[PDB]
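Student: Build me a model from this:
(one chain, ligands or ions: 1)
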Amino acid sequence: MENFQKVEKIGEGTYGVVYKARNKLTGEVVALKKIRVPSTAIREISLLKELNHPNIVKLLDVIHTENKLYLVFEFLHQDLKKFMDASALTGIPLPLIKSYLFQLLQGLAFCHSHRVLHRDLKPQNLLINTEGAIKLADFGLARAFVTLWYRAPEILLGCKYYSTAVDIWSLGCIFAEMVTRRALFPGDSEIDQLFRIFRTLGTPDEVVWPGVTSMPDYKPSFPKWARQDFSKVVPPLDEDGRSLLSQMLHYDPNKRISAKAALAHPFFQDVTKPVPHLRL
Ligand SMILES: CNS(=O)(=O)Cc1ccc(N/N=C2\C(=O)Nc3ccc4ncsc4c32)cc1
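Tutor: Residues are numbered from 1 along each chain as shown. Here you go:
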């Protein structure tokens, strides 16, 4: 805490405040996260600094002093949310959307292989740089240690042991948002969130989701809505994209496409790595 010079507040998070800081020694610019200390957390966090991948924000150091916990991460200048706002008028070029989705899936496939979930993906957690790369931030902090727009159905229905599938659902929601320039399910409460999903994808039943009527928060009194055509939901997206999106938004967590299989989807046959025009 004394070895860093806080430059600016980057924003309050779920587990703490994040600051852009300069290492008073090395002189390097980093992202300092003050966690708002259980031994289990220390161990779980420790395993994360060994998780290195080009599409994951690197956890540089863990400072545990005076019974306080600070996480030092690599620093990137902008998040996807800010980039989307800046591109609201023209929208993000399809090639860039494809590139970003492709890299995010590589990052998830890597984390999922090590059995590490995110559980709380959102545009604010996706960081981009001038090189055309995009990285996932906050990976694993949920295990070691409010927007509901990207929350998977199983979580909303009370399933306690969710899987890697919840991250695929969130990514599918972000995918749709980049394409249409509007959040797909902008709920303002848990029941509103659930109902917005049902009104679009249809109220789930035992046919599409075996075991759904046995979920802890499922109510037989839920209204029964019909499923809408994806052509209406994400209009400009081509057939390959709609096909991939539909598999990312399958109700049944077991039928939902995995990150690895998504990487082989036809939608990515012509993927490239364009460079975005960022205004820092
Ligand atoms: C509000 N968007 S903006 O682009 O205008 C300002 C801005 C500038 C940089 C960043 N980067 N933030 C982060 C960064 O560089 N590394 C991180 C590691 C963990 C984490 N947990 C939550 S954020 C966050 C970051 C995020 C916001």
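Student: Setting the sequence-adjacent residues aside, check what's closest to residue 110.
Tutor: Leaving out its chain neighbours, the residue that sits closest to residue 110 by Cβ to Cβ, 6 or more residues apart in numbering is residue 53, at 4.6 Å. In this view, the C-beta of every residue, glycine as well, is placed from N, C-alpha and C.
Student: Quick check: the one you found vs residue 169, distance?
Tutor: Relative to residue 169, residue 53 is positioned 21 Å away (Cβ to Cβ, to the nearest Å).
Student: Show the contacting residues for the residue nearest to residue 110.
Tutor: For residue 53, the contact set (Cβ atoms under 8 Å, 6 or more residues apart in numbering) comprises 106-107, 110-111.
Student: Quick check: residues of the stretch 1-150 of the chain near the ligand?
Tutor: Taking Cβ under 6 Å from any ligand atom as the contact definition, the stretch 1-150 of the chain meets the ligand at 10-11, 13, 18, 31, 33, 57, 73, 75-79, 82, 127, 137-138.
Student: Compute the number of surrounding residues for the nearest residue to residue 29 once chain neighbours are set aside.
Tutor: When the adjacent residues along the chain are set aside, residue 29 lies closest to residue 75, with 5.2 Å between them (Cβ to Cβ, 6+ apart). Other residues within reach of residue 75, judged by other Cβ atoms under 10 Å, total 21.
Student: list the helices and strands the longest helix anywhere in the chain packs on?
Tutor: Ranked by number of residues, the top helix in the chain under DSSP state H is helix 94-113. Using 3 or more Cβ pairs under 8 Å, 6 or more residues apart in numbering; DSSP states H and E, the elements in contact with helix 94-113 are strand 126-128, strand 134-136, helix 165-180, helix 259-263.
Student: how about the ones you listed in a markdown table, adding mean neighbour count and distance to residue 237?
Tutor: What follows is those, written out as a markdown table (neighbours: other Cβ atoms under 10 Å; distance: least, Cβ to Cβ, whole Å):
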| stretch | mean neighbour count | distance to residue 237 |
| --- | --- | --- |
| strand 126-128 | 23 | 19 |
| strand 134-136 | 23 | 19 |
| helix 165-180 | 23 | 5 |
| helix 259-263 | 17 | 15 |
